[PDB]
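In what follows, a structure is listed as structure tokens, so that the remarks can point back to it.
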Amino acid sequence: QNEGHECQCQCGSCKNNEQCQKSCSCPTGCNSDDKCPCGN
Ligand SMILES: [Ag+]
Ligand SMILES: [Ag+]
Ligand SMILES: [Ag+]
Ligand SMILES: [Ag+]
Ligand SMILES: [Ag+]
Ligand SMILES: [Ag+]
Ligand SMILES: [Ag+]
């Protein structure tokens, strides 16, 4: 759960919605839609 990064999801929810680009532990590799169970 390491989210000490800049939200680097290749989705549209992270690219724009800054509500989840705050502290998401997405291992700066998340590049799939059904691999983004992120909500923070
Ligand atoms: Ag993210
Ligand atoms: Ag995302
Ligand atoms: Ag995000
Ligand atoms: Ag997100
Ligand atoms: Ag995330
Ligand atoms: Ag993603
Ligand atoms: Ag993600």
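In this analysis, Cβ positions are derived from the backbone assuming ideal geometry, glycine residues included, and neighbour counts consider all displayed protein chains. All of the numbers you see were taken from the coordinates with simple rules; none came from a lab.
When every residue of the stretch 20-29 is checked against the conditions, at least one turns out to be touching a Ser or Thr at 6+ places or on another chain (Cβ under 8 Å) and either without any contact (Cβ under 8 Å) to a residue 12 or more places away in the chain or within 13 Å of ligand 6 (Cβ to nearest atom) (or both). Among the residues examined, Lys22 does not qualify as assigned to a loop (DSSP other than H, G, I, E, B) and surrounded by 12 or more Cβ atoms within 10 Å (Cβ to Cβ). Restricting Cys7, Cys14 to those that are surrounded by 12 or more Cβ atoms within 10 Å (Cβ to Cβ), within 9 Å of ligand 3 (Cβ to nearest atom) and either charged (D, E, K, R) or free of Cβ contacts under 8 Å to residues at least 24 places away in the same chain (or both) reduces the list to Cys7. Of all positions in the stretch 32-40, at least one carries a residue that is touching a residue at least 24 places away in the same chain (Cβ under 8 Å) and more than 10 Å from ligand 7 (Cβ to nearest atom). The set of residues in the stretch 29-40 that are more than 12 Å from ligand 4 (Cβ to nearest atom) and within 15 Å of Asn2 (Cβ to Cβ) contains only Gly29.
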